[PDB]
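Worksheet: one structure, shown below.
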Amino acid sequence: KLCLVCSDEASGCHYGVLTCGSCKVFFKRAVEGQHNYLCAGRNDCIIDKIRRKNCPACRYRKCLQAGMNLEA
Amino acid sequence: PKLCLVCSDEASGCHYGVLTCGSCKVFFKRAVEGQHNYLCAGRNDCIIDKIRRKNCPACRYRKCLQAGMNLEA
DNA sequence: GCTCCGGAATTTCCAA
DNA sequence: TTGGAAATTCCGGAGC
Ligand SMILES: [Zn+2]
Ligand SMILES: [Zn+2]
Ligand SMILES: [Zn+2]
Ligand SMILES: [Zn+2]
């Protein structure tokens with residue numbers, strides 16, 4: 001039932017991956033925002049429920065290598 | 001010149017005992033009266049600057065305390 | 001007249 | 001939206 005990104009509960013499978021609501025209003029506007037997103041860490045930041053908003057960079061990263069894309 | 005000891009932006013003036021910008025001033029003020037409960041998603045060495053400073057409240061708050069910031073000064 | 005600082009009130013911002 | 005946190009702006013009072 002877990003979002004494969006933030007490990008909150010999934011609202012369904014969107015963009016080819018099972019994840020949550022916020023994680024699926026997030027990928028989302030990073031792509032056609034085509035955003036910068038610099039990490040203040042090592043690029044290995046932990047992504048979970050209340051930390052997910054700390055590092056958009058690592059969050060966006062983890063989105064991609066879970067396979068999220070705009071296509072179907 | 002004139003540059004903040006915390007978020008590394010240009011300093012409004014000495015605030016709470018530490019030369020700092022205005023952003024960190026009201027950040028620190030808000031942190032001490034409220035809760036600290038912030039978590040770091042990194043190793044607690046996170047880099048703080050104008051773009052990065054909003055990423056990790058935890059590390060930013062730590063730097064303020066490290067800098068010597070205190071409410072009565 | 002000014003400088004300096006705390007700080008409240010206001011606006012900007014964005015996540016959920 | 002609905003509400004919380006960020007940040008710029010502005011005012012009160014101690015000084016000088
Ligand atoms: Zn998620
Ligand atoms: Zn990161
Ligand atoms: Zn600062
Ligand atoms: Zn951190």
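Proteins come first, then strands; the chains are lettered A, B, ... in the order of their sequence lines, and each starts at number 1. All heavy atoms count here, side chains included; hydrogens, waters and symmetry mates do not.
Secondary structure note: stems in DNA chain C built from 3 or more consecutive Watson-Crick or G-U wobble pairs under 3.5 Å occupy C:1-3 with D:14-16, C:5-11 with D:6-12, C:13-15 with D:2-4.
Taken together through direct or relayed side-chain contacts under 4.5 Å among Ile, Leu, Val, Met, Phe, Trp and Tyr, B:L39 and A:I47 form parts of separate hydrophobic clusters. A chain of hydrophobic side-chain contacts below 4.5 Å, direct or via other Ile, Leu, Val, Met, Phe, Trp or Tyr residues, connects B:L5 to B:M69. With hydrophobic clusters built from ILVMFWY side chains whose heavy atoms lie under 4.5 angstrom apart, A:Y60 shares a cluster with A:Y15.
Distance from the side chain of B:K29 is smallest for C:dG7 among the nucleotides C:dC5, D:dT8, C:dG7. You'll find that the side chain of B:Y16 is closest to C:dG6, out of C:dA16, C:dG6, D:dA7. Across C:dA15, D:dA5, C:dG6, the shortest atom-to-atom separation from the side chain of B:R30 is found for D:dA5. The side chain of B:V26 lies closest to D:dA7 when the candidates are C:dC5, D:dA7, C:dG7.
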Item to complete: Could you go through the side chain to side chain contact (heavy atoms under 4.5 Å, CB included) check for B:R53 and B:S23 one step at a time?
Response: CA-CA 10 Å; B:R53 74 190 185 203; B:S23 61; 3.0 Å; yes

Worksheet entry | Check against side chain to side chain contact (heavy atoms under 4.5 Å, CB included), B:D45 and A:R42 | CA-CA 10 Å; B:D45 59 336; A:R42 295 155 174 82; 2.4 Å; yes

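For the pair A:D48 CG and C:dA15 P, the interatomic distance rounds to 16 Å; values are reported in whole Å. Between B:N55 atom CG and C:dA15 atom P there is a gap of 12 Å when expressed in whole angstrom units. Protein atom NZ of A:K49 is 9 Å distant from nucleotide atom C1' of C:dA16, rounded to whole Å. One can place CG of B:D9 at 12 Å from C1' of D:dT8, the figure rounded to the nearest angstrom. Rounded to whole Å, atom P of D:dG4 lies 18 Å from atom CZ of B:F27. Summarising the geometry, the separation between CG on B:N37 and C1' on D:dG4 is reported as 13 Å, rounded to the nearest angstrom. Atom P of nucleotide C:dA8 and atom NE2 of B:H15 are separated by 14 Å, given to the nearest angstrom. With rounding to whole Å, B:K25 atom NZ is found 13 Å from D:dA7 atom P.
For B:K54, a side-chain nitrogen or oxygen approaches OP1 or OP2 of D:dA7 to under 4.0 Å. In this structure, A:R52 does not reach the C:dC14 phosphate: none of its side-chain N or O atoms is under 4.0 Å from OP1 or OP2.
Looking at residues two or more places apart in sequence or on another chain, you find no side-chain hydrogen bond (donor to acceptor under 3.5 Å, both in side chains) involving A:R61.
In this structure, B:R60 is positioned above the aromatic face of B:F27, its NZ or CZ under 6.0 Å from the six-membered ring centre and within 45° of the axis.
If you check every strand for non-hydrogen atoms under 4.0 Å, B:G13 touches sugar and phosphate atoms only.
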